[PDB]
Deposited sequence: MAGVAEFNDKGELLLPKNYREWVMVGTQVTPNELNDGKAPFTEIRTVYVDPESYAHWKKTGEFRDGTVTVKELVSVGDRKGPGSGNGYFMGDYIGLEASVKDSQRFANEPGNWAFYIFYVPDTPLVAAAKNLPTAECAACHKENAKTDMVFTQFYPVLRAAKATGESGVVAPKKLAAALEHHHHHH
């Protein structure tokens, strides 16, 4: 259905060019910035329906923080991690909300080309317990809010 690619053993392959996807929110930990992307076709469907289609892929990219002085602030430093989630009613028929969760790398677990779906206690439990909308933390993603509430991807006069 969606953009997710899996190898023969069912592991999720590193999404390609996900930084060209739709950035839906950015968060800061008071040390790290996190950037969240939704693949463009799933975002288009969201705009029309306020729902995550079957096949939806999200990516959370982790960065350290750079310090700017003049001409003061913080900015995205080095890439230090990458997580993803994939919704698939068929492939993940037996997972909560049909979502699978993945780590490609974090402060040292080295990068893998392909990732295995993680146990529910590790990832899905928190999401299904706390996320506003279908196991995604849309309460923190104002791009999605404006898209769902108004069909827009930007301010309109």
Deposited sequence positions missing from the model - stretches, numbered from 1, in order: 1, 32-41, 83-85, 172-186
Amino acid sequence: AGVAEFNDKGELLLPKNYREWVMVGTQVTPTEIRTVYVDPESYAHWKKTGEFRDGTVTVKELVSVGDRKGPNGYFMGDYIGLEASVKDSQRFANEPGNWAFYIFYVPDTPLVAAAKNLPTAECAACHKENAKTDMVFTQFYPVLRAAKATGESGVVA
From here on, numbers count along this sequence of modelled residues.
Higher-B stretch (mean Cα B-factor, as the entry records it), 98-106 or 62-70: 62-70
144-152 or 21-29, whichever carries the higher mean Cα B-factor: 144-152
Out of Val57, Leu111, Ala131, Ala93, highest CA B-factor residue: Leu111
Assigned third (lowest, middle, highest) for the C-alpha B factor of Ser89: middle
Chain thirds of CA B-factor: placement of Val38: lowest
